[PDB]
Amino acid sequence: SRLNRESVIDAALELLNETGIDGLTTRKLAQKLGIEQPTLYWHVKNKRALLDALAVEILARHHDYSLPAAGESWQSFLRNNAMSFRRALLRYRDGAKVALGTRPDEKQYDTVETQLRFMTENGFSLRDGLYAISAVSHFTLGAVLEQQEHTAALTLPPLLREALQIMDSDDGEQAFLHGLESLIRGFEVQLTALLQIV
């Protein structure tokens, strides 16, 4: 079939949903695409290059709240950005594990730059703007990885018995949205404080 980049990635995402990350391999991708392995090699050199590319495309395709809206508060931006990120990572099996193993590529350069500019434009130091954005990223990745790794390993004292029932009410969206507000407020308190002891 077609072996342009878009088509290769489509097939690889499809395979990722079928196999998970650990079971994703260039060999199986070749089969999915009806080609021989050396033909695939011309296009895709190894699994690492594949994964690097999938991370980028997962977000490009599905992380639709990369940038602040006109007039938007930084609180609101961070909330909307976290929810978008989380959505995009949940979209494919092992999506968060695919995203972990990567740094921003060129075309994300400009998206993350803007986000850091925006933070600095709202009273954050580069560093604190960065810590904020990274805390949100880490919290979100950590939380998605625990849904996704939960359900992957699948295939009592009373409070805990009940915590584990409450912790399975929904997918983790409640505990995530609650924590996200906590984190944002925490940032706000810090920003506000300037040099006052806080």
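Note that residue numbering follows the sequence shown and begins at 1.
According to the record, 4 to 9 deposited residues between residue 155 and residue 156 are left without atomic coordinates.
Judged by mean Cα B factor in the deposited record, 106 to 114 ranks above the other of 86 to 94 and 106 to 114.
Mean CA B-factor, 157 to 165 versus 39 to 47: the higher value falls on 157 to 165. In the deposited coordinates, the residue among 22, 188, 10, 181 with the greatest CA B-factor is 22. Out of 143, 67, 54, 30, it is 67 whose C-alpha atom has the highest B-factor in the PDB entry.
For residue 134, the recorded CA B-factor ranks within the lowest third of the chain. Only modelled residues enter the ranking.
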